[PDB]
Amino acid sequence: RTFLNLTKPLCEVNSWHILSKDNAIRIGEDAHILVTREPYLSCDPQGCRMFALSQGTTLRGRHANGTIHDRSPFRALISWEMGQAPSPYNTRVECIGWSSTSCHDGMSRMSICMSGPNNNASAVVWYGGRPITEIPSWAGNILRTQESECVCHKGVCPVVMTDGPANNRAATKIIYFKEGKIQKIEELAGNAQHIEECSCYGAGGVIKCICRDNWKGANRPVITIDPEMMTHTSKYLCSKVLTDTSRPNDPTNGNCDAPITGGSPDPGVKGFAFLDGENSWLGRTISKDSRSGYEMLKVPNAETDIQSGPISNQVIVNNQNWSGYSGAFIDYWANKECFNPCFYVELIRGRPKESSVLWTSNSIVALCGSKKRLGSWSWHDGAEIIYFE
């Protein structure tokens, strides 16, 4: 019917309610479920779908062996009806490659996938299921993007992409698309020193992207995008509550304008946050060292006050269970007068933390905000690894 406008404010959030869970690993023990990683969700005027990067093999298949590997010619972005597990019989192939993003502009879905060798990858940008535009690498070092949904306003959909070293300064750009065609390209500007795997959402005409600094900061960079002017600024989350993985203990003060460093042994993980003054929530793994457990912390003024701490918390996945990437999404077409925050968490099973199996895959759980105070429990993966031995 119409191009989506981001005019609505964000809903008040006081707790999180379950939206969907696919139990993909429990089911994939017997049924023919695709191996995946890097999942997310995205909505359109008719409902929500799950997305992820297949590895082009089933979980029980002998080719599941060696699926710790991030990049091959056999991966592809695939989408399916929210709640089902991803099989070869229920999935649509959005595009071919090993890094992706996707979003619907109110009229049609744009989907983007990078593929190719490390020194020569390229993106193919699709719209309405047809390929529209190709983008070659500009720094010859693994051209990559969000791994969760992008956001559109009046037909303009910004996408953050990076090309360059994972462990040093790199070349990030924001590309503004309309119907899959490049409208403008900007070089990253501001105080964020390294940008990866941006988790983005919109409200009141503004798009905010909470990302992964894989170089220095255990605090997460924040890009603020104006989709009408097609301009942006960048900096860090102000809060002393650090939310990247492999982080040190939370300091006495955060820093709005420079990375807070430290932690061991990993340099980062995709994550997210909703930032709306008092109404601010940050997610993070529970363990400061590894991708284990997951908590949501309500931290008033996190985007602007270096002394902000948590006033409430919700365990999403207990610390005895494995988590992974986490990213934001919103059902912008809800029949509501405010945009209601949602998020998912990738439940990674297999290697390298579970090395008694030869594969690496995941399942999905997703939740959405509530104004009420709802009880909670842990929504871990649920599969028994001994069954796959």
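Counting begins at 1, following the sequence as shown.
Query raised in the report: Comparing 58-66 with 40-48, which stretch shows the greater average C-alpha B-factor in the deposited entry?
Result: It is 40-48 that shows the higher mean C-alpha B-factor.
**Report entry** Between 307-315 and 97-105 (mean CA B-factor, as deposited), the higher
**Finding:** Higher mean C-alpha B-factor: 307-315.
**Report entry** Highest-ranked of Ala76, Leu237, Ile142, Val124 once sorted by CA temperature factor in the record
**Finding:** Going by the entry's C-alpha B-factors, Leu237 comes out highest.
Report task. Quick one: which of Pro158, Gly262, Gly283, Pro136 shows the highest Cα temperature factor in the PDB entry? Result -> Each of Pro158, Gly262, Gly283, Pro136 was compared by C-alpha B-factor; the highest is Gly262.
Requested in this report: Can you work out whether the C-alpha temperature factor of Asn335 puts it in the lowest, middle or highest third of the chain?
Outcome: According to the entry, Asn335 has a C-alpha B-factor in the chain's highest third.
Report task. Using the B-factors in the PDB entry, rank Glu187's C-alpha atom against the chain and give the third, lowest, middle or highest. Result -> For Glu187, whose C-alpha B-factor we compare with every modelled residue in the chain, the answer is the highest third.
Query raised in the report: What third of its chain, lowest, middle or highest, does the C-alpha temperature factor of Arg26 fall into?
Result: Lowest third of the chain for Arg26's C-alpha B-factor.
Report task. Rank-wise, by C-alpha B-factor, drop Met114 into the lowest, middle or highest third of its chain. Result -> It falls in the bottom third of the chain.
Query raised in the report: Ranked by Cα temperature factor within the chain, is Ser378 in the lowest third, the middle third or the highest third?
Result: Lowest third - that is where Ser378 ends up once the chain's C-alpha B-factors are sorted.
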